[PDB]
**Q** 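Below you will find the structure I want to go over with you.
Numbers for residues simply follow the sequence, beginning at 1.
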Amino acid sequence: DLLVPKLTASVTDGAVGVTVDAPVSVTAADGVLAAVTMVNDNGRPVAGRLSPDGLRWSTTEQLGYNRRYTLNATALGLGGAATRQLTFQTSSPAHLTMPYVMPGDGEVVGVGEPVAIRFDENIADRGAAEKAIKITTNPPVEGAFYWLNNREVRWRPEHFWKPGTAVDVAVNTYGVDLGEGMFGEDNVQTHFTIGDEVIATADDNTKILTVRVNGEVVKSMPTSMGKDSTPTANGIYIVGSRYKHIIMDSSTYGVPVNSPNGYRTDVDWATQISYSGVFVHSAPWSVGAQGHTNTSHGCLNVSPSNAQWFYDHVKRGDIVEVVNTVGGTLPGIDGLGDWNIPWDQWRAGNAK
Ligand SMILES: *[C@@H](O)[C@H]([C@@H](C)O)[C@H]1C[C@H](S[C@@H]2CCN(C(C)=N)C2)C(C(=O)O)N1
């Protein structure tokens, strides 16, 4: 006839390994919730909120790893009253890993910019990490994950972004088992926008670096690329950081300075385009060979004014394409060579 109220929680009494990637909630049937408290092992209460109709209570703040929580709830209805007490334990990680996402929040980047999520620890379960990363695009475009190394995963579409696209990255790793008892230390979120299409093409046959903005040629720079014994790899490069001046140190990229292809020299107006250490930069010493002969260690050498032009007008995520050199092809897992991996292979990924 008149039923007693019933209490249902999203955890159960005695549960262990409860993941903290989601709130805890309680629902009343045949009655309303009169009070709900949740405390940790130390008696400290957890913040929560009861819905206005009295039917549903939920935690509202982050739940902690390695905690024993006690939930007390009372429901009242015309049929009488019901009270329950539940204790559960949350996940106890063996390790925590912190994600770091690029590009930065609010940035405007070029059409070649991948989403990058780098953890500070090796990820045993790549599939769990990919599943925990939510990418929103507008206009919507399909994309896919691919791992550069054990710690950094990249996401991009099949073709270069459409200018004007919003990209939203929710790395929702808090409470997620990323393998072997390694859980996400925190969530991170970033949002960025794709700007103009900027593609600069260096053609060894002509020795010209041509900059096209939304398809229109805006600059033609005589360049000197890698001499035969240190060639510039062909392929697609993503623009990385830019520097007013920087000491280029070959040992940074694996080559002892004191070795025959080593070097250590202060350089102006330098835009990095590969982790292997290719840059567009000012080369006053080879102005005469630019547009004619390859003389560099791999860099795209241009005039000082053209290098400053490049610094001022080309942004992170814009594209440099190198063609017809005697080099090989830039490795797809360079760090900035993601677009050299064919789409079918990128889309199949490497989560295992
Ligand atoms: C690009 O080619 C690189 C490297 C970071 O990939 C740098 C290294 C040089 S330094 C070279 C030796 C001394 N040089 C002079 C004449 N000052 C040039 C470089 C290059 O121009 O070859 N660029």
Side-chain angles (χ1 to χ4, degrees), residues 102-116 137-141 143 154-167 190-225 232-244 246 267-275 278-283 287 290-291 296 299-325 330 334-340 343:
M102 281 293 290
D105 190 46
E107 275 203 76
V108 172
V109 304
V111 302
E113 190 70 352
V115 176
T137 49
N138 176 18
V141 61
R154 300 282 182 92
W155 191 103
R156 59 167 177 91
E158 168 173 13
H159 306 283
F160 296 154
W161 296 103
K162 230 182 61 172
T165 295
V167 186
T190 180
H191 187 107
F192 60 98
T193 314
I194 304 311
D196 289 313
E197 181 204 46
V198 182
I199 305 167
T201 295
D203 185 350
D204 202 33
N205 282 342
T206 69
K207 299 280 191 301
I208 303 287
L209 173 56
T210 302
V211 180
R212 290 175 177 89
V213 174
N214 301 311
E216 301 182 341
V217 176
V218 305
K219 209 76 181 64
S220 302
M221 309 180 176
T223 178
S224 184
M225 288 188 300
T232 306
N234 298 283
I236 310 187
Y237 300 62
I238 304 154
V239 174
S241 297
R242 39 176 221 163
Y243 304 90
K244 290 213 199 73
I246 179 174
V267 169
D268 295 318
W269 303 118
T271 299
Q272 179 161 28
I273 63 177
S274 82
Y275 284 25
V278 182
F279 291 74
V280 187
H281 69 82
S282 179
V287 165
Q290 289 156 20
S296 82
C299 290
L300 280 56
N301 285 3
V302 301
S303 68
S305 88
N306 269 325
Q308 187 182 354
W309 192 96
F310 206 89
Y311 175 99
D312 285 336
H313 291 91
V314 177
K315 72 193 169 302
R316 178 176 295 284
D318 293 338
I319 287 288
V320 178
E321 292 185 357
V322 180
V323 297
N324 299 323
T325 75
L330 184 72
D334 162 272
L336 295 168
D338 312 28
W339 298 99
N340 304 283
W343 173 240

**Q** Once you round to the nearest 0.5 Å, how far does CD1 of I246 lie from NE2 of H281?
**A**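 Nearest 0.5 Å value for the CD1-NE2 distance: 10.5 Å.
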**Q** Check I194 against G110 and note the closest heavy-atom contact, atom names and distance.
**A**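 Looking at all heavy atoms of both residues, the closest pair is CD1-O, 3.8 Å.
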**Q** Between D204 and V322, is the side-chain contact (heavy atoms from CB on, under 4.5 Å) condition met? List the steps.
**A** CA-CA 8 Å; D204 202 33; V322 180; over 6 Å; no
**Q** Any chance you could measure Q290, atom CD, to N306, atom CG, to the nearest 0.5 Å?
**A** 8.5 Å
**Q** When the ring planes of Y311 and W269 are compared, do they come out parallel, tilted or perpendicular, using 30° and 60° as the limits?
**A**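 The rings of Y311 and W269 stand perpendicular, inter-plane angle above 60°.
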**Q** Out of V320, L300, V302, which one pairs with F310 under the side chain to side chain contact (heavy atoms under 4.5 Å, CB included) rule?
**A**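 One option only clears the test, and that one is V320.
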**Q** Is there a side-chain contact (heavy atoms from CB on, under 4.5 Å) between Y237 and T232 once you walk through the steps?
**A** CA-CA 11 Å; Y237 300 62; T232 306; 3.8 Å; yes
**Q** Test your reading of the model: is there a side-chain donor-acceptor pair from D196 to the backbone of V198, 3.5 Å cut-off?
**A** no
**Q** In Å, rounded to the nearest 0.5 Å, how long is the span from CZ of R316 to CE of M102?
**A**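 Going from the CZ atom of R316 to the CE atom of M102 covers 4.0 Å.
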**Q** Hey, does the side chain of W339 reach the backbone of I238 with a donor-acceptor pair shorter than 3.5 angstrom?
**A**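 Absent.
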**Q** Is there a side-chain contact (heavy atoms from CB on, under 4.5 Å) between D338 and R156 once you walk through the steps?
**A** CA-CA 9 Å; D338 312 28; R156 59 167 177 91; 4.1 Å; yes
**Q** Which heavy atom of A307 sits nearest to which heavy atom of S282, and what is that distance?
**A** CB-N, 3.3 Å
**Q** Given 3.5 Å as the limit, does a donor-acceptor pair link the side chain of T190 with the main chain of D105, or not?
**A** yes
**Q** Is it the case that the side chain of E197 and the backbone of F160 share a donor-acceptor pair, with hydrogens and angles ignored and the cut-off at 3.5 Å?
**A** no
**Q** Between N301 (side chain) and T223 (backbone), is there a donor-acceptor pair under 3.5 Å?
**A**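 Not a single qualifying donor-acceptor pair exists.
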**Q** Locate the shortest heavy-atom distance separating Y275 from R154; write the atom from each residue and the value.
**A** OH-NH2, 3.5 Å
**Q** Quick check against the 3.5 Å criterion: does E321 have a side-chain atom that pairs as donor or acceptor with the backbone of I199?
**A** no
**Q** Identify the two heavy atoms, one from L209 and one from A200, that lie closest to each other, and give their separation to 0.1 Å.
**A** CD1-CB, 3.6 Å
**Q** Measure across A202 and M225 and return the closest heavy-atom pair with its distance rounded to 0.1 Å.
**A**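 Minimum heavy-atom separation between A202 and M225: CB-SD, 3.8 Å.
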**Q** For the pair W161 and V109, evaluate side-chain contact (heavy atoms from CB on, under 4.5 Å) and give the outcome as yes or no after the intermediate values.
**A** CA-CA 10 Å; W161 296 103; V109 304; 6.0 Å; no
**Q** Can you name the nearest heavy-atom pair linking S220 to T210, along with the distance?
**A** OG-OG1, 4.3 Å
**Q** Can you tell me how far NZ of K219 sits from CD1 of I208, rounded to the nearest 0.5 angstrom?
**A**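 NZ of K219 is found 10.0 Å from CD1 of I208.
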**Q** Side-chain contact test, heavy atoms from C-beta onward, threshold under 4.5 Å: evaluate it for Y243 versus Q272 and give yes or no.
**A**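 Contact flag for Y243/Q272 side chains = yes.
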**Q** Indicate yes or no for a side-chain donor-acceptor contact from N234 to the backbone of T325 under 3.5 Å, with no hydrogens or angles considered.
**A**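 Looks like yes, one N/O pair under 3.5 Å.
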**Q** In Å, rounded to the nearest 0.5 Å, how long is the span from NZ of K244 to CD of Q308?
**A**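 It comes to 9.5 Å.
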**Q** If I take atom CZ from residue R242 and atom CG from residue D312, how far apart are they, to the nearest 0.5 angstrom?
**A**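 That separation rounds to 7.0 Å.
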